[PDB]
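The next block is input36.csv, given as CSV, C-alpha atoms and all ligand atoms.
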```csv
chain,number,residue,atom,x,y,z
Z,1,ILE,CA,0.0,0.0,0.0
Z,2,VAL,CA,1.4,3.4,-1.1
Z,3,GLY,CA,0.2,6.6,0.7
Z,4,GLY,CA,-1.9,4.7,3.2
Z,5,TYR,CA,-1.7,4.3,7.1
Z,6,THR,CA,-0.9,1.7,9.7
Z,7,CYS,CA,-4.2,-0.2,10.1
Z,8,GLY,CA,-3.6,-1.1,13.8
Z,9,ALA,CA,-3.1,-4.6,15.2
Z,10,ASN,CA,-5.9,-7.0,14.1
Z,11,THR,CA,-8.3,-4.1,13.1
Z,12,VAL,CA,-8.7,-6.0,9.8
Z,13,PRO,CA,-9.5,-9.5,11.2
Z,14,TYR,CA,-10.4,-11.0,7.8
Z,15,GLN,CA,-6.9,-10.0,6.3
Z,16,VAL,CA,-4.8,-13.1,5.8
Z,17,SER,CA,-1.1,-13.4,4.8
Z,18,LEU,CA,-0.3,-16.3,2.4
Z,19,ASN,CA,3.1,-17.7,3.4
Z,20,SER,CA,5.5,-20.1,1.3
Z,21,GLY,CA,8.5,-19.3,3.7
Z,22,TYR,CA,7.7,-15.5,3.3
Z,23,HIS,CA,4.6,-13.4,2.8
Z,24,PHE,CA,3.8,-13.5,-1.0
Z,25,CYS,CA,0.1,-12.4,-1.1
Z,26,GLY,CA,-2.9,-11.3,0.9
Z,27,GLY,CA,-6.3,-13.1,1.2
Z,28,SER,CA,-9.7,-12.7,2.9
Z,29,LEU,CA,-11.2,-15.2,5.4
Z,30,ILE,CA,-14.8,-15.9,4.3
Z,31,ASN,CA,-15.6,-18.6,6.8
Z,32,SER,CA,-13.7,-20.8,9.4
Z,33,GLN,CA,-12.4,-23.1,6.6
Z,34,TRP,CA,-12.1,-20.9,3.4
Z,35,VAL,CA,-9.9,-18.0,2.1
Z,36,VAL,CA,-10.4,-16.0,-1.1
Z,37,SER,CA,-7.4,-14.7,-2.9
Z,38,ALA,CA,-6.2,-13.9,-6.5
Z,39,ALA,CA,-5.7,-16.8,-8.9
Z,40,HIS,CA,-2.3,-15.2,-9.8
Z,41,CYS,CA,-1.3,-15.8,-6.1
Z,42,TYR,CA,-1.7,-19.6,-6.8
Z,43,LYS,CA,1.2,-21.9,-5.7
Z,44,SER,CA,1.8,-25.1,-3.8
Z,45,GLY,CA,3.1,-25.1,-0.1
Z,46,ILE,CA,0.7,-22.3,1.1
Z,47,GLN,CA,0.4,-21.7,4.8
Z,48,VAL,CA,-2.4,-19.3,5.7
Z,49,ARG,CA,-1.5,-16.9,8.5
Z,50,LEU,CA,-4.5,-15.4,10.3
Z,51,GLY,CA,-4.5,-12.9,13.2
Z,52,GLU,CA,-1.4,-11.2,11.8
Z,53,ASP,CA,-0.2,-7.6,12.3
Z,54,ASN,CA,3.7,-7.8,12.2
Z,55,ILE,CA,4.4,-10.7,9.8
Z,56,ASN,CA,8.0,-10.9,11.2
Z,57,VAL,CA,7.1,-11.1,14.9
Z,58,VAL,CA,4.9,-13.6,16.8
Z,59,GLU,CA,2.6,-11.2,18.7
Z,60,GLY,CA,0.1,-13.7,20.2
Z,61,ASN,CA,-3.1,-13.7,18.0
Z,62,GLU,CA,-1.7,-15.7,15.0
Z,63,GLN,CA,-3.3,-18.9,13.7
Z,64,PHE,CA,-1.0,-20.7,11.2
Z,65,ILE,CA,-3.1,-23.2,9.1
Z,66,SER,CA,-1.8,-25.2,6.0
Z,67,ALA,CA,-4.0,-25.2,2.8
Z,68,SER,CA,-5.6,-28.6,2.1
Z,69,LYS,CA,-6.9,-27.6,-1.3
Z,70,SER,CA,-6.6,-24.6,-3.7
Z,71,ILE,CA,-9.3,-24.0,-6.4
Z,72,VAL,CA,-8.3,-21.5,-9.2
Z,73,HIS,CA,-11.4,-20.1,-10.9
Z,74,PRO,CA,-12.4,-22.4,-13.9
Z,75,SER,CA,-12.0,-19.5,-16.4
Z,76,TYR,CA,-8.9,-17.8,-14.9
Z,77,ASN,CA,-6.7,-16.3,-17.7
Z,78,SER,CA,-3.1,-15.6,-16.4
Z,79,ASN,CA,-2.4,-13.4,-19.5
Z,80,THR,CA,-5.4,-11.0,-19.1
Z,81,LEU,CA,-6.0,-11.7,-15.4
Z,82,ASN,CA,-9.7,-12.1,-16.3
Z,83,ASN,CA,-11.3,-14.1,-13.4
Z,84,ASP,CA,-8.4,-13.4,-11.0
Z,85,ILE,CA,-10.0,-15.3,-8.1
Z,86,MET,CA,-9.1,-18.6,-6.2
Z,87,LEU,CA,-10.4,-20.3,-3.1
Z,88,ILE,CA,-8.1,-22.0,-0.5
Z,89,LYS,CA,-9.5,-24.6,1.9
Z,90,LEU,CA,-7.8,-24.7,5.4
Z,91,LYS,CA,-6.6,-28.2,6.7
Z,92,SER,CA,-8.3,-27.3,10.0
Z,93,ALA,CA,-11.1,-24.7,10.9
Z,94,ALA,CA,-9.8,-21.3,12.1
Z,95,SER,CA,-10.9,-20.5,15.7
Z,96,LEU,CA,-13.1,-17.4,14.9
Z,97,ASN,CA,-12.8,-14.5,17.4
Z,98,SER,CA,-12.6,-10.6,17.5
Z,99,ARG,CA,-9.2,-10.6,15.8
Z,100,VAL,CA,-9.8,-13.5,13.3
Z,101,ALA,CA,-13.2,-13.1,11.7
Z,102,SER,CA,-14.7,-13.8,8.2
Z,103,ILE,CA,-15.8,-11.0,5.9
Z,104,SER,CA,-19.4,-11.1,4.4
Z,105,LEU,CA,-19.7,-11.8,0.6
Z,106,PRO,CA,-21.7,-9.2,-1.2
Z,107,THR,CA,-25.4,-9.7,-2.2
Z,108,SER,CA,-25.1,-6.7,-4.7
Z,109,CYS,CA,-22.1,-5.2,-6.4
Z,110,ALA,CA,-20.7,-1.8,-5.2
Z,111,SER,CA,-21.1,1.3,-7.4
Z,112,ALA,CA,-19.3,4.7,-7.6
Z,113,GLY,CA,-17.6,6.8,-4.9
Z,114,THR,CA,-18.4,4.0,-2.5
Z,115,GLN,CA,-15.5,4.3,0.0
Z,116,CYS,CA,-13.6,1.0,0.5
Z,117,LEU,CA,-10.8,-0.2,2.8
Z,118,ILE,CA,-7.9,-1.8,0.8
Z,119,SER,CA,-5.2,-3.6,3.0
Z,120,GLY,CA,-2.0,-5.6,2.7
Z,121,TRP,CA,1.8,-6.0,3.4
Z,122,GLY,CA,2.8,-4.7,-0.1
Z,123,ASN,CA,5.5,-2.2,-1.0
Z,124,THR,CA,4.8,1.4,0.5
Z,125,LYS,CA,6.9,3.3,-2.1
Z,126,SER,CA,6.0,4.5,-5.7
Z,127,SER,CA,9.6,4.9,-7.0
Z,128,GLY,CA,11.5,2.9,-4.4
Z,129,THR,CA,11.2,-0.4,-2.4
Z,130,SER,CA,10.2,-0.7,1.3
Z,131,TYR,CA,8.1,-3.6,2.6
Z,132,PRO,CA,6.3,-2.9,5.9
Z,133,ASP,CA,6.1,-5.6,8.7
Z,134,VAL,CA,2.7,-4.3,10.0
Z,135,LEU,CA,-0.5,-4.2,8.0
Z,136,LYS,CA,-1.1,-1.0,5.9
Z,137,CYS,CA,-4.6,0.4,5.0
Z,138,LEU,CA,-6.0,2.7,2.3
Z,139,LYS,CA,-9.5,4.2,2.1
Z,140,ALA,CA,-10.3,4.6,-1.6
Z,141,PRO,CA,-13.5,4.9,-3.7
Z,142,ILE,CA,-14.5,2.7,-6.6
Z,143,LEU,CA,-13.9,4.5,-9.9
Z,144,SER,CA,-16.5,4.7,-12.7
Z,145,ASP,CA,-16.4,1.9,-15.3
Z,146,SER,CA,-15.8,4.6,-18.0
Z,147,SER,CA,-12.8,6.0,-16.0
Z,148,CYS,CA,-11.3,2.6,-15.4
Z,149,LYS,CA,-11.6,1.6,-19.2
Z,150,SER,CA,-10.1,5.0,-20.2
Z,151,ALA,CA,-7.1,4.5,-17.9
Z,152,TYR,CA,-6.4,0.9,-19.3
Z,153,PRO,CA,-7.5,0.6,-22.9
Z,154,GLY,CA,-8.3,-3.0,-24.0
Z,155,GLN,CA,-7.5,-4.5,-20.5
Z,156,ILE,CA,-10.6,-3.9,-18.3
Z,157,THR,CA,-13.2,-6.8,-18.4
Z,158,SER,CA,-16.7,-6.9,-16.7
Z,159,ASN,CA,-14.9,-9.0,-13.9
Z,160,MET,CA,-12.6,-6.0,-13.0
Z,161,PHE,CA,-13.0,-2.6,-11.3
Z,162,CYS,CA,-10.6,0.3,-10.6
Z,163,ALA,CA,-10.4,1.9,-7.1
Z,164,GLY,CA,-8.2,4.8,-6.0
Z,165,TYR,CA,-7.2,8.2,-7.3
Z,166,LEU,CA,-6.5,9.3,-10.9
Z,167,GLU,CA,-4.2,12.0,-9.3
Z,168,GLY,CA,-1.9,9.1,-8.0
Z,169,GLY,CA,0.0,9.0,-4.7
Z,170,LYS,CA,-2.5,6.4,-3.1
Z,171,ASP,CA,-2.7,2.8,-4.4
Z,172,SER,CA,-2.2,-0.9,-3.8
Z,173,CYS,CA,1.3,-2.2,-4.8
Z,174,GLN,CA,3.4,-5.4,-5.2
Z,175,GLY,CA,2.7,-7.8,-2.3
Z,176,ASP,CA,-0.9,-6.5,-1.8
Z,177,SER,CA,-2.1,-9.0,-4.5
Z,178,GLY,CA,-5.0,-11.2,-3.4
Z,179,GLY,CA,-5.9,-9.0,-0.4
Z,180,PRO,CA,-9.3,-7.5,0.3
Z,181,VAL,CA,-11.3,-4.4,-0.8
Z,182,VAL,CA,-14.2,-4.1,1.8
Z,183,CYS,CA,-17.0,-1.6,1.0
Z,184,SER,CA,-19.8,-1.1,3.7
Z,185,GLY,CA,-18.9,-4.4,5.4
Z,186,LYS,CA,-18.8,-6.5,2.2
Z,187,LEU,CA,-15.9,-8.1,0.3
Z,188,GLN,CA,-16.3,-6.3,-3.1
Z,189,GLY,CA,-12.7,-6.6,-4.4
Z,190,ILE,CA,-9.6,-8.7,-4.5
Z,191,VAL,CA,-6.3,-6.9,-5.2
Z,192,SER,CA,-5.6,-8.0,-8.8
Z,193,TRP,CA,-3.2,-5.8,-10.7
Z,194,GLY,CA,-1.8,-2.3,-11.7
Z,195,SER,CA,0.6,-0.4,-13.9
Z,196,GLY,CA,3.3,0.3,-11.3
Z,197,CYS,CA,1.9,1.9,-8.1
Z,198,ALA,CA,0.2,5.2,-7.3
Z,199,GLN,CA,1.1,6.6,-10.8
Z,200,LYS,CA,-1.1,9.4,-12.1
Z,201,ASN,CA,-4.1,8.0,-14.2
Z,202,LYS,CA,-3.1,4.3,-13.2
Z,203,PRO,CA,-5.3,3.3,-10.2
Z,204,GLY,CA,-5.3,-0.3,-8.9
Z,205,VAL,CA,-7.5,-2.9,-10.7
Z,206,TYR,CA,-9.6,-5.3,-8.5
Z,207,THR,CA,-11.5,-8.6,-9.1
Z,208,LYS,CA,-15.2,-7.8,-9.0
Z,209,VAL,CA,-16.2,-10.4,-6.3
Z,210,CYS,CA,-20.0,-9.8,-6.7
Z,211,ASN,CA,-19.7,-11.7,-10.2
Z,212,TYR,CA,-18.2,-14.8,-8.3
Z,213,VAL,CA,-20.5,-15.2,-5.3
Z,214,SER,CA,-22.7,-18.0,-6.9
Z,215,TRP,CA,-19.4,-19.9,-7.8
Z,216,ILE,CA,-17.9,-19.2,-4.3
Z,217,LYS,CA,-21.0,-20.6,-2.5
Z,218,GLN,CA,-21.4,-23.6,-4.9
Z,219,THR,CA,-17.7,-24.5,-4.5
Z,220,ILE,CA,-17.7,-24.1,-0.6
Z,221,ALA,CA,-21.0,-26.3,-0.5
Z,222,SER,CA,-19.3,-29.2,-2.4
Z,223,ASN,CA,-15.7,-29.2,-1.0
C,1,LIG,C1,1.5,-2.5,-9.7
C,1,LIG,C2,1.1,-3.7,-8.9
C,1,LIG,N1,-0.1,-3.5,-8.2
C,1,LIG,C3,-0.5,-4.6,-7.5
C,1,LIG,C4,0.1,-5.8,-7.4
C,1,LIG,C5,-0.4,-6.9,-6.6
C,1,LIG,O1,0.3,-8.1,-6.8
C,1,LIG,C6,1.3,-5.9,-8.1
C,1,LIG,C7,2.0,-7.2,-8.1
C,1,LIG,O2,1.5,-8.3,-8.2
C,1,LIG,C8,1.8,-4.9,-8.9
C,1,LIG,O3,2.9,-5.0,-9.7
C,2,CA,CA,2.9,-11.9,13.6
C,3,CL,CL,8.0,7.0,-3.1
```
Please express the file's structure as structure tokens.
Ligand SMILES: Cc1ncc(CO)c(C=O)c1O
Ligand SMILES: [Ca+2]
Ligand SMILES: [Cl-]
Amino acid sequence: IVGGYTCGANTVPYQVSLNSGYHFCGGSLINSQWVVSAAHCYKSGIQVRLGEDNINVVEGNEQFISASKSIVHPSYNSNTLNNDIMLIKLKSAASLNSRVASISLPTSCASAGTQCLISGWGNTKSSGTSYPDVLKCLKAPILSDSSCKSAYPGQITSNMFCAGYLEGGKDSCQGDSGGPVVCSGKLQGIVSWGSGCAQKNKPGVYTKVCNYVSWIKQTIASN
């Protein structure tokens, strides 16, 4: 996250770190046994780390649970990042509490200047490299479909939205991938991609979760 703020320990209790010896991606806890992330975050040997603030210090609220199964979306395209969504089942149920809690799936999609909370352990610099140890937060509105398409010609599908600021300075960034965008208590986005970070006219692009809820519920109900 570039130009955001320190969230505060466990203030984003649905935020997960995906760990293959190091943090490589975010995710969102959607019930005691399931995480949603980006398909582009897929790899074997995932440990899900819940209850995390400092990803480099054991602070006392962590639950470390191995993935038993990963399900990349049937229609995921790695070239276009169309359908950039995957589900991860935990080998054991997370113990849900005030600091480890699932985030509601949407019943409807979000719209315009709906303010959203984007979070992750990604890079905090635009033209440098600094990875934070504690979770960073950005409040950002969803941008118009027309603005998003104008910003990224021939790249934005109906399964994508832009959120952030066309003036730049505030954005998601590398290592935020797969993390949440929460708008009025609902998981509406997954951190998907961008052109650099916090560049003018190049806001973050997000997986439109509302398109995927029937697939998420069907998949969870049969696995
Ligand atoms: C610009 C930019 N924005 C977001 C992400 C999230 O992964 C990445 C990397 O995957 C990136 O390069
Ligand atoms: Ca920790
Ligand atoms: Cl910078």
Using only C-alpha atoms, what residues lie at most 8 Å away from (-19.1, -1.2, -4.2) (file coordinates), given as a list in words?
->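 These residues have at least one counted atom within 8 Å: residues 109, 110, 111, 112, 114, 115, 116, 142, 183, 184 and 188 of chain Z.
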Write the selection just made, keeping C-alpha atoms, as a PDB file, in the coordinates of the input?
```pdb
ATOM      1  CA  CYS Z 109     -22.100  -5.200  -6.400  1.00  0.00           C
ATOM      2  CA  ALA Z 110     -20.700  -1.800  -5.200  1.00  0.00           C
ATOM      3  CA  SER Z 111     -21.100   1.300  -7.400  1.00  0.00           C
ATOM      4  CA  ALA Z 112     -19.300   4.700  -7.600  1.00  0.00           C
ATOM      5  CA  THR Z 114     -18.400   4.000  -2.500  1.00  0.00           C
ATOM      6  CA  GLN Z 115     -15.500   4.300   0.000  1.00  0.00           C
ATOM      7  CA  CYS Z 116     -13.600   1.000   0.500  1.00  0.00           C
ATOM      8  CA  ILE Z 142     -14.500   2.700  -6.600  1.00  0.00           C
ATOM      9  CA  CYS Z 183     -17.000  -1.600   1.000  1.00  0.00           C
ATOM     10  CA  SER Z 184     -19.800  -1.100   3.700  1.00  0.00           C
ATOM     11  CA  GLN Z 188     -16.300  -6.300  -3.100  1.00  0.00           C
TER      12      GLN Z 188
END
```
One-decimal distance in Å that lies between CA of residue 58 in chain Z and CA of residue 94 in chain Z =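 These atoms are spaced 17.2 Å apart.
Here the residues that fall within 8 Å of (-2.3, -2.0, -11.0), using all atoms listed in the file, are given as residues 172, 173, 192, 193, 194, 195, 196, 197, 202, 203, 204 and 205 of chain Z.
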Within 7 Å of ligand CA 2 (chain C), counting all atoms listed in the file: which residues, as a ChimeraX atom specification?
-> /Z:52-59,62
Take the residues from that selection and write them out as a PDB file, in the coordinates of the input, keeping C-alpha atoms.
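What ended up in selection_15.pdb:
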```pdb
ATOM      1  CA  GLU Z  52      -1.400 -11.200  11.800  1.00  0.00           C
ATOM      2  CA  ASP Z  53      -0.200  -7.600  12.300  1.00  0.00           C
ATOM      3  CA  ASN Z  54       3.700  -7.800  12.200  1.00  0.00           C
ATOM      4  CA  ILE Z  55       4.400 -10.700   9.800  1.00  0.00           C
ATOM      5  CA  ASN Z  56       8.000 -10.900  11.200  1.00  0.00           C
ATOM      6  CA  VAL Z  57       7.100 -11.100  14.900  1.00  0.00           C
ATOM      7  CA  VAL Z  58       4.900 -13.600  16.800  1.00  0.00           C
ATOM      8  CA  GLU Z  59       2.600 -11.200  18.700  1.00  0.00           C
ATOM      9  CA  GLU Z  62      -1.700 -15.700  15.000  1.00  0.00           C
TER      10      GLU Z  62
END
```
Take atom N1 of ligand LIG 1 (chain C) and CA of residue 171 in chain Z and report the distance between them in Å, one decimal.
->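 Here the two named atoms are 7.8 Å from each other.
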Residue among Z:159, Z:126, Z:11, Z:63 lying closest to residue 77 in chain Z, counting all atoms listed in the file =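 Going through Z:159, Z:126, Z:11, Z:63 one by one, the smallest distance to residue 77 in chain Z is for Z:159.
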Would you give me, as a Markdown table, each residue of chain Z having an atom within 8 Å of an atom of ligand CL 3 (chain C), along with its shortest atom pair and that distance in Å to one decimal, using only C-alpha atoms and all ligand atoms and sorting by chain and residue number?
```
| residue | atom | partner | partner_atom | distance |
| --- | --- | --- | --- | --- |
| Z:2 | CA | C:CL3 | CL | 7.8 |
| Z:124 | CA | C:CL3 | CL | 7.4 |
| Z:125 | CA | C:CL3 | CL | 4.0 |
| Z:126 | CA | C:CL3 | CL | 4.1 |
| Z:127 | CA | C:CL3 | CL | 4.7 |
| Z:128 | CA | C:CL3 | CL | 5.5 |
```
If you count only C-alpha atoms and all ligand atoms, the residue of Z:71, Z:148, Z:162, Z:87 closest to ligand LIG 1 (chain C) turns out to be Z:162
Quote the spacing between CA of residue 96 in chain Z and CA of residue 60 in chain Z in Å to one decimal place.
-> 14.7 Å
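Around residue 4 in chain Z, within 8 Å and counting all atoms listed in the file, the residues found are residues 124, 136, 137, 138, 139, 170 and 171 of chain Z, once anything fewer than 5 positions away on its own chain is removed.
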Could you save those same residues with C-alpha atoms as a short mmCIF file (atom, residue, chain, number, x, y, z; two decimals), keeping the file's coordinate frame?
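See result-v3.cif below for the written result:
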```
data_model
loop_
_atom_site.label_atom_id
_atom_site.label_comp_id
_atom_site.auth_asym_id
_atom_site.auth_seq_id
_atom_site.Cartn_x
_atom_site.Cartn_y
_atom_site.Cartn_z
CA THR Z 124 4.80 1.40 0.50
CA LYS Z 136 -1.10 -1.00 5.90
CA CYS Z 137 -4.60 0.40 5.00
CA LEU Z 138 -6.00 2.70 2.30
CA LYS Z 139 -9.50 4.20 2.10
CA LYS Z 170 -2.50 6.40 -3.10
CA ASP Z 171 -2.70 2.80 -4.40
#
```
Residue 46 in chain Z: which residues within 9 Å, counting all atoms listed in the file, same-chain residues fewer than 2 positions away excluded, as a PyMOL selection string?
-> chain Z and resi 18-21+42-44+48+65-68+88
Residue with the minimum atom-to-atom distance to ligand LIG 1 (chain C), picked from Z:209, Z:103, Z:38, Z:181 with only C-alpha atoms and all ligand atoms counted, is Z:38
Contacts of residue 10 in chain Z at 9 Å or less, counting only C-alpha atoms, minus same-chain residues fewer than 4 places along, as a VMD selection string?
-> chain Z and resid 14 to 15 51 to 53 61 98 to 100 135
Contacts of residue 190 in chain Z at 6 Å (only C-alpha atoms; same-chain gap of 4+ positions) as a ChimeraX atom specification = /Z:178-181,206-207
Proximity to ligand LIG 1 (chain C) - best of Z:35, Z:216, Z:191, Z:50, only C-alpha atoms and all ligand atoms = Z:191
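You can rank Z:154, Z:169, Z:106, Z:26 by their closest distance to ligand LIG 1 (chain C) using only C-alpha atoms and all ligand atoms, and at the top of that list sits Z:26.
Nearest-residue note for ligand LIG 1 (chain C): choosing from Z:218, Z:37, Z:70, Z:108, the minimum distance belongs to Z:37, counting all atoms listed in the file.
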Would you kindly return, as number ranges by chain, each protein, DNA or RNA residue with an atom no farther than 8 Å from any atom of residue 73 in chain Z, considering only C-alpha atoms and excluding same-chain residues fewer than 3 positions away?
-> Z: 39, 76, 83-87
Output as AutoDock Vina command-line options the centre and edge lengths (Å, one decimal) of the box along x, y and z of the file that holds every listed atom of range 141-144 of chain Z after adding 8 Å on each side.
```
--center_x -15.0 --center_y 3.8 --center_z -8.2 --size_x 19.0 --size_y 18.2 --size_z 25.0
```
Could you model N, CA and C atoms for range 13-32 of chain Z and present them as a compact mmCIF listing (two decimals), in the coordinates of the input?
```
# COMPACT_ATOMS: atom_id res chain seq x y z
N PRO Z 13 -9.63 -8.08 10.73
CA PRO Z 13 -9.50 -9.50 11.20
C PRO Z 13 -9.71 -10.54 10.13
N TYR Z 14 -10.19 -10.13 8.96
CA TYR Z 14 -10.40 -11.00 7.80
C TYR Z 14 -9.12 -11.02 6.92
N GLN Z 15 -8.21 -10.07 7.10
CA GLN Z 15 -6.90 -10.00 6.30
C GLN Z 15 -6.10 -11.26 6.65
N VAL Z 16 -5.73 -12.02 5.63
CA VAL Z 16 -4.80 -13.10 5.80
C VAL Z 16 -3.47 -12.77 5.06
N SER Z 17 -2.35 -13.31 5.54
CA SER Z 17 -1.10 -13.40 4.80
C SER Z 17 -0.95 -14.87 4.25
N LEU Z 18 -0.68 -15.01 2.96
CA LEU Z 18 -0.30 -16.30 2.40
C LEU Z 18 1.21 -16.41 2.44
N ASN Z 19 1.69 -17.50 3.05
CA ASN Z 19 3.10 -17.70 3.40
C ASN Z 19 3.63 -18.97 2.81
N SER Z 20 4.81 -18.87 1.78
CA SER Z 20 5.50 -20.10 1.30
C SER Z 20 7.00 -19.93 1.74
N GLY Z 21 7.21 -19.71 3.05
CA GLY Z 21 8.50 -19.30 3.70
C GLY Z 21 8.61 -17.81 3.87
N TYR Z 22 7.70 -17.02 3.29
CA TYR Z 22 7.70 -15.50 3.30
C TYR Z 22 6.29 -15.14 2.92
N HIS Z 23 5.86 -13.93 3.29
CA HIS Z 23 4.60 -13.40 2.80
C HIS Z 23 4.75 -13.19 1.28
N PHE Z 24 3.79 -13.67 0.50
CA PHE Z 24 3.80 -13.50 -1.00
C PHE Z 24 2.50 -12.86 -1.47
N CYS Z 25 1.41 -12.92 -0.69
CA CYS Z 25 0.10 -12.40 -1.10
C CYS Z 25 -0.81 -12.28 0.07
N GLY Z 26 -1.83 -11.43 -0.08
CA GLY Z 26 -2.90 -11.30 0.90
C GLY Z 26 -4.03 -12.34 0.55
N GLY Z 27 -5.03 -12.37 1.40
CA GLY Z 27 -6.30 -13.10 1.20
C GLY Z 27 -7.30 -12.58 2.18
N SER Z 28 -8.51 -13.07 2.07
CA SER Z 28 -9.70 -12.70 2.90
C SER Z 28 -10.31 -13.97 3.45
N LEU Z 29 -10.45 -14.07 4.77
CA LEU Z 29 -11.20 -15.20 5.40
C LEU Z 29 -12.67 -15.03 5.15
N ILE Z 30 -13.33 -16.01 4.51
CA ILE Z 30 -14.80 -15.90 4.30
C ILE Z 30 -15.60 -16.88 5.12
N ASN Z 31 -14.98 -17.88 5.72
CA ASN Z 31 -15.60 -18.60 6.80
C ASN Z 31 -14.45 -19.32 7.55
N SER Z 32 -14.74 -20.15 8.55
CA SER Z 32 -13.70 -20.80 9.40
C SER Z 32 -12.80 -21.73 8.56
```
